[PDB]
């Protein structure tokens, strides 16, 4: 019965993969979102303007007629990346941002890429950060918190004009850090980190389809993220981190990290905001806060969500194997009209 009309959203953190998987997954995004930040962690990664241009066209080829979807491309930062290559892609309108993955082709130190980061700061290119330390001796649940202290804060103190998105935050540590930051710091939050905590992944069985990075944390962290979005804080915004893997790559002796949440993310977010008595802040999170941070216009079309329960498919067909969507088989309280 209840209908909610919002400005068309964007997805500020998306994995589209390549090849046949790209063809399968793109429509779940392109049917809903005006734009998406397309992450560069292909094999091999997108580290040049030329690769980014070709990847963008493969994406556009897979977008159904009648969907007005624009992929915003990113550069995968590497220790040896030429700042001129990054800048050129920015100037050509190819790279919207650059993405920093901690090694384990990722970045091994901030110090190794200082000239690149200094160029980004100068030109006004946002830096998107997967904020975890990776030393083998650090417990996995501690890696996000540890990153703040040892990498993020020294970085932000060194390059004070650099615009940073703390991607897919999962902790009270990160939530407080972002809440207390300045207008050059923002964050994205996935639906899974709002909806669940580590118990949902581990109690009653191990659930690889809830296994993603940064790892689901303790309930107190989930609650902190929920309070953050619900507060109306305007430097957090929608980034699904939809990260699809074939079923038997997920369900194996060593399951891949990532939730394929593009089919269900928007309605899942609506449920969270509704539960937090915060639907007044829902549009901004989905459709305004991101554009404002990135300095891009808001979308000029509108969509409607309706509060009628849809069951999520058990699986989605691939050329080989299937794809198991996030919330497969379950019910979602809101759907797109």
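Just so we're on the same page, rigid core means the largest C-alpha set that superposes within 1.5 Å between forms. Positions refer to the first chain, counted from 1.
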Outlying stretch relative to shown form, 88-96 versus 108-116 in 8 other deposited structures of this protein, C-alpha RMS (core): 108-116
If the other structures are each fit on the rigid core, which stretch ends up farther away in C-alpha terms in 8 other deposited structures of this protein, 79-87 or 181-189? 79-87
Missing residues of the deposited chain between residue 104 and residue 105 number 4 to 9
Mean Cα B-factor comparison, 306-314 or 45-53, giving the higher one as deposited: 306-314
For the stretches 105-113 and 122-130, which has the higher mean C-alpha B-factor as given in the deposited record? 105-113
From 84, 199, 80, 231, residue of greatest CA B-factor: 231
Looking at the entry's B-factor column for C-alpha atoms only, identify whether residue 181 ranks in the lowest, middle or highest third of its chain. highest
CA B-factor placement of residue 207, once the chain's modelled residues are sorted into thirds: middle
Against its chain's modelled residues, does residue 266's Cα B factor rank lowest, middle or highest third? middle
What third of the chain, by the recorded C-alpha B-factor, contains residue 284? lowest
In terms of the chain's CA B-factor thirds, is residue 219 lowest, middle or highest? middle
